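Asks: For now just these chains, pulled out of the complex without moving them:
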Amino acid sequence: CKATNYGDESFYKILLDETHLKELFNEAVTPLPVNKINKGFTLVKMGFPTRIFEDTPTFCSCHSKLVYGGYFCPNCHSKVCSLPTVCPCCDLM
């Protein structure tokens, strides 16, 4: 935990009761702050699909299963059942 977190020793936690364990698990949900000297800045290409409402079912490009409604990708028009997921065709989030 220490050598892997730039020497910080606060990432190895030992509980003292069941109540504290829930707190320890909950604390991990929040994003972990990044280190200054670890720079990975970049731009990620992702699109915002538009929901549809069709009368008849159609096959989904992700599971090959018939689903009534889905979101159309703005790059290849393939439909995905749920979000957020990587498009199964163009690999665009």
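Replies: Cool, the structure landed. Numbering: from 1, shown residues only, chains lettered A, B, ... in the order given.
Asks: Please list all residues in contact with the residue nearest the centre of chain A.
Replies: Of all residues in chain A, the one closest to the mean position by C-alpha atoms, centre = their mean is residue A:84, 6.5 Å from it. Taking C-beta atoms under 8 Å, 6 or more residues apart in numbering, we find residue A:84 in contact with residue A:93. For every residue, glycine as well, the C-beta is placed using N, CA and C.
Asks: Using the three-state scheme, assign it.
Replies: Each residue gets one of three states, and residue A:84 gets coil by DSSP: H, G, I helix; E, B strand; the rest coil.
Asks: what about the nearest residue to residue A:46 once chain neighbours are set aside, neighbour count?
Replies: Nearest non-adjacent residue to residue A:46, counting by C-beta to C-beta, 6 or more residues apart in numbering: residue A:93, 3.9 Å away. Residue A:93 has 12 neighbouring residues, counting by other C-beta atoms under 10 Å.
Asks: next one: residue A:83
Replies: 11.
Asks: since we're on the spatially closest residue to it that is not a sequence neighbour, how many residues are nearby?
Replies: Among residues not flanking residue A:83 along the chain, residue A:71 sits closest, at 6.1 Å (C-beta to C-beta, 6+ apart). Other residues near residue A:71 number 18, with proximity taken as other C-beta under 10 Å.
Asks: and chain B on top of that:
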Amino acid sequence: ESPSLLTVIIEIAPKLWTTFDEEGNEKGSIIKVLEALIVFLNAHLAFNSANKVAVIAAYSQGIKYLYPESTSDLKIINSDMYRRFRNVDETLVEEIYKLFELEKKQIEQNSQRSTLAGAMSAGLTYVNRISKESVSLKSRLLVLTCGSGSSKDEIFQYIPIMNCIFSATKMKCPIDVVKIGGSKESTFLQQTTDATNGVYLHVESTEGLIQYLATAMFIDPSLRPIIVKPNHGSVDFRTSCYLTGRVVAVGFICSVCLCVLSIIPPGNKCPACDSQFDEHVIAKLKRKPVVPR
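Replies: Putting chain B onto the chains we already have gives this:
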């Protein structure tokens, strides 16, 4: 089945309503909306005897709680009506009297921006207070916004509204929006209703507003699942660019600040967090599709 709490976020401001009167042929249309609200709240009180009502007015220089009045009277409503109804309506109209007088004194004050965000946030806090204080109560929000007035910049409104959407969703507090004005759709308020199982309605004419209120925005939280909402518009859940300002279908977002960018920012640097992107990596996006030579 169970008592429900109704919190009406009415956005009243002479600038918003005066423009509505000028564009149309109706003078003093605020009375018609105000009169409809009084009957609408009474209708909600008539649904059950254990339900409460709250009204928050977003005036030019801030927000104020019309009902319940703070612990810190003119005759405007007949005294022969039901006691509970008058106990709320009389206070509601009286606060309107005081609020207009306060607004009139500060008429020359510069109203830089709208205060709808605060009222919606304030309403959610009131909803939380009642739910925990009384123990097993449902909640609902109703936003009466006058969009006729030409807004200056709506971008600031985006962040507070999105935060309110998550809070309402967590607390199971559907929020309905009733819009009176020129613009047919509000990209933010309409988005709020869909994401929170609410009802969005737009009416051009103030007259006959009660029919809409009693027929569309009268679905109590107890029977929400069994009633199909009358909303007609559709939402794309898209956000405008930070430089062009247009809706982006496919674009780029910064890894650090999550700022949408339709095109590569000038200077190869983020315009929102001043983060420099790698020249090689951005060149990857710039590469054109592969085609046989």
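Asks: Please reconsider the neighbour count of residue A:93 now that chain B is part of the model.
Replies: 13 (other C-beta atoms under 10 Å in any protein chain shown).
Asks: Identify each buried residue in stretch B:111-122, please.
Replies: B:111, B:114-117, B:119-122 (16 or more other C-beta atoms under 10 Å in any protein chain shown).
Asks: Take those and keep only those in helices.
Replies: B:116-117, B:119-122 (DSSP state H).
Asks: Can you tell me which of the residues you listed is nearest chain A?
Replies: residue B:121 (22.2 Å; C-beta to the nearest C-beta).
Asks: and the residue nearest to the closest one when sequence neighbours are not counted, how far is that from residue A:68?
Replies: Nearest residue to residue B:121, sequence neighbours excluded (C-beta to C-beta, 6 or more residues apart in numbering or on different chains): residue B:164, at 6.0 Å. Residue B:164 sits at a distance of 30 Å from residue A:68 (criterion: C-beta to C-beta, to the nearest Å).
Asks: Compare those two (neighbour count), which wins?
Replies: residue B:164 (20 against 12).
Asks: who does the longest strand seen in chain A pair up with?
Replies: Longest strand in chain A, counting residues (DSSP state E): strand A:43-47. Sheet pairing of strand A:43-47 (DSSP bridges) gives strand B:250-254 (antiparallel).
Asks: List the neighbouring strands of the helix or strand following the strand it pairs with plus their orientation.
Replies: Per DSSP states H and E, the first helix or strand lying C-terminal to strand B:250-254 is strand B:260-261. Within its sheet, and counting by DSSP bridges, strand B:260-261 is paired with strand B:250-254 (antiparallel).
Asks: now for chain C, put it on the one above:
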Amino acid sequence: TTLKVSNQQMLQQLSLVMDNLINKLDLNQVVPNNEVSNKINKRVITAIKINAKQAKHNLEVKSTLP
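Replies: Okay, chain C now, added to the rest:
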């Protein structure tokens, strides 16, 4: 990207509502005239029918093909 009211007008309009509120308030006038209620109901249902059709068909769904 795909008339402004003067300061006096707001004061003038504010006075009109100020007088219309203090003098008296009639809630019974809120009822429609029976000529716009039909129009209001006709358009409201128009969305109900579309929504009802959408919501009636909102594991795999049953199919008709063999």
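Asks: Once more for the neighbour count of residue A:93, now including chain C?
Replies: 13.
Asks: pretty sure it contacts residue A:86?
Replies: Yes: checked against C-beta atoms under 8 Å, the pair residue A:93 and residue A:86 is within contact range at 5.3 Å.
Asks: Now look at stretch B:238-250 and say if it contacts chain C.
Replies: Yes: Stretch B:238-250 reaches chain C (C-beta under 8 Å from any C-beta of the partner chain) through B:244-246.
Asks: picking that back up, chain center to the longest strand of chain A: distance?
Replies: Mean-position distance between strand A:43-47 and its chain equals 14 Å (C-alpha atoms, centre = their mean, to the nearest Å).
Asks: Helix or strand next in line after that strand, which one?
Replies: Taking DSSP H and E, what comes next after strand A:43-47 is strand A:50-51.
Asks: ok, the residue nearest to the centre of chain A to residue A:73 distance?
Replies: 12 Å.
Asks: same thing with residue B:246?
Replies: 19 Å.
Asks: quick one: which of the two has more around it?
Replies: residue A:73 (22 against 13).
Asks: what's the burial count for the nearest residue to that one once chain neighbours are set aside?
Replies: Leaving aside its sequence neighbours, residue A:73 sits nearest to residue A:87 (C-beta to C-beta, 6+ apart; 4.8 Å). A count of nearby residues for residue A:87, using other C-beta under 10 Å, gives 21.
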